[PDB]
Amino acid sequence: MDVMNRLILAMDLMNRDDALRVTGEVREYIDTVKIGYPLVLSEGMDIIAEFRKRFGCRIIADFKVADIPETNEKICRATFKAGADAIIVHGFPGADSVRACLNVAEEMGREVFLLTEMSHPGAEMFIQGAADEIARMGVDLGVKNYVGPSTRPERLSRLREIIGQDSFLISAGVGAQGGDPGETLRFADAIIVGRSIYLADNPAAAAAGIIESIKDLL
Amino acid sequence: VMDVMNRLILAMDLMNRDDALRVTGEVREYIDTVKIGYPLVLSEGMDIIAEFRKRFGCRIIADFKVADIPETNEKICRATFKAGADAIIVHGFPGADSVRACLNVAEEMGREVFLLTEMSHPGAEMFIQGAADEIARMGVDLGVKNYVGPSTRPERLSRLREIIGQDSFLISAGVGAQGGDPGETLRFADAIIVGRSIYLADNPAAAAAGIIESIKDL
Ligand SMILES: O=c1cnn([C@@H]2O[C@H](COP(=O)(O)O)[C@@H](O)[C@H]2O)c(=O)[nH]1
Ligand SMILES: O=c1cnn([C@@H]2O[C@H](COP(=O)(O)O)[C@@H](O)[C@H]2O)c(=O)[nH]1
């Protein structure tokens, strides 16, 4: 996956007008948008097609899929029907639940991103101690796309070690949650950025600024 | 605690609006509590919650297995309660801050959180099971009153009941299709969640009636 400027916009505004306007304001800087439940539950799944119509951007559905295999399959099918290119799936519920997602993605020509360790403090309680094993499970299952924590570059580096340089790794927690764009890109292929851009007085200037700060990394 | 008719909660995971409405209407005399999840919501929109309220005299539990960072969890809960859900199901494995975020919104908005501890599917053994007692104890410490545990593992369901105490409200999934027995499960759970055994039956009303007849003494 070729992400323009190594920068993925996390569009978590919950109003269609604002979401479309802000995304439009930064469109020259991105070609990949992560859409999650805040926007989808507020405005409907049709918003995904609307983003593709307006911006032609690729869409990663950050739905943290975390159900039993049967329900996971249905979730993935509904999501890809709406035009998502990829979906983010939790690994904590185990291999069968991940495989269910991999099956649908293969069937519809899409990608699964396996979330291994999360960026927030609560991730330390249970997720962090399982994270390496979750990553090895991804490797065993043939997962090629992963998500790890910008807020813990040592943990992000370990995740990269496990999955290898061939796998694709994106990372959340940049900016608002404290992660640094350039440091995160030592290990991740692309950074996810939400509030630092979409809550900024001038989102285009914010995006431009982040890109300037990583200009030597492409 | 919520008064669940016949101790039976329908898991309405049909993805077609017409079918979902038909089947739910057919079993309405037996069930006043419906669990609506992402298969239906991502297919038909959050307005499906409104439609169920209008058509049936049923409480709505949104099974969204909320599993994000606190900031995103808050937004998901707000959107879900705004749409008319009485309660939402939240994962504990992302840790205490993530759960607290949901509890805070539920308190502010006058609704309820159900904490999912151990899941019913085979993959739950890989990571969730080993964390489940601690997740339950965490729920108790956070003041969580409503919980979800696995019908498929009576021994684990019994232990979860012990941890949360007799005053807490416990519902349980994995009954029927996944192998759980209604009667045994109700030794420990206040109510059972049943999906496919009802909604895939030639006669869903007869299926629900049969389940209820099998537990009449309870
Ligand atoms: O471990 C994770 C996984 N996903 N996200 C998601 O990435 C985005 C981060 O946005 P932010 O830059 O505003 O913090 C949000 O959509 C959040 O749900 C994280 O923050 N951390
Ligand atoms: O641990 C859990 C938690 N939730 N569910 C949910 O409960 C329902 C079970 O439906 P079923 O009776 O068709 O198996 C489905 O909506 C599934 O997502 C489980 O099955 N197991």
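For this deposition, the record names X-ray crystallography as the technique by which the model was determined and cites 1.494 Å as its resolution.

Quick word on the packing of helix α1 (residues 16-25) of chain A against helix α3 (residues 46-55) of chain A
Residue and element names in this part refer to chain A. The contact between α1 and α3 brings their axes to 11 Å, and the two run at 30°. Taken together, the axis directions place α1 and α3 in an arrangement best described as roughly parallel. Crossing of α1 against α3: the hand is right-handed. Each of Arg16, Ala19, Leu20, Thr23 and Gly24 in α1 lies in contact with α3, whose residues at this interface are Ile47, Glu50, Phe51, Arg54 and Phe55.

A few points about the site of ligand 1
Not every one of the 16 residues close to ligand 1 is listed here, only the nearest: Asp12(A), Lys34(A), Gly194(A), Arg195(A) and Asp68(B). Each of chains A and B places residues next to ligand 1. In the environment of ligand 1, an oxygen atom lies 2.8 Å from a nitrogen or oxygen atom belonging to the side chain of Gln177(A). When ligand 1 sits alone it has 470 Å² of accessible area, and the protein chains cover 98% of it. Classifying every residue of the shell around ligand 1 by side-chain character gives six nonpolar, four polar and six charged.

Here we look at unusual backbone geometry
Residue and element names in this part refer to chain A. Its identity is not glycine, yet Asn5 carries a phi of approximately 60°, on the positive side. Relative to the elements of secondary structure, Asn5 occurs in the segment before β1 (7-11). The class of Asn5 is partly exposed, set by a relative accessible area of 23%. Unlike most non-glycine residues, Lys64 shows phi in positive territory, near 45°. Here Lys64 shows up in strand β3 (residues 58-65).

So, the pairing of β3(A)
All names here are of chain A. Counting buried positions along β3 gives seven out of eight residues, so the element sits mostly inside the fold. Alignment of strand β2 (residues 32-36) against β3, held across five bridges, turns out to be parallel. Bridge pairing in β3 places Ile35 opposite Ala61. Bridge count between β3 and strand β4 (residues 86-90): three bridges; the pairing is parallel. Note that in β4 the partner of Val65 across the bridge is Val89. As a crossover connection, the stretch from β3 through helix α4 (residues 69-81) into β4 is right-handed.

About the criteria used
Residues numbered from 1 in each chain as written, not as in the entry; some residues may be left out. Chains lettered and ligands numbered in written order. Heavy atoms only, no water. Axes fitted to C-alpha atoms, helices over the stretch in contact; angles between N-to-C directions. Helix = DSSP H or I, 4+ residues; strand = E, 2+ residues; numbered from the N terminus. Parallel < 35°, antiparallel > 145°, perpendicular 65-115°, else oblique. Left-handed = near helix turned anticlockwise from the far one by under 90°. Contact = heavy atoms within 4.5 Å. Near = heavy atom within 4 Å. Polar contact = N/O pair within 3.5 Å; in protein donor to acceptor, adjacent residues only side chain to side chain. Areas by Shrake-Rupley, 256 points an atom, 1.4 Å probe, with all protein chains shown as cover. Nonpolar A, V, L, I, M, F, W, Y, C, P; charged D, E, K, R; others polar. Buried < 20%, exposed > 50% of the residue type's maximum accessible area, 1.4 Å probe, protein only. Pairing = 2+ DSSP bridges. Right-handed = clockwise from strand over helix to strand, strands pointing away.

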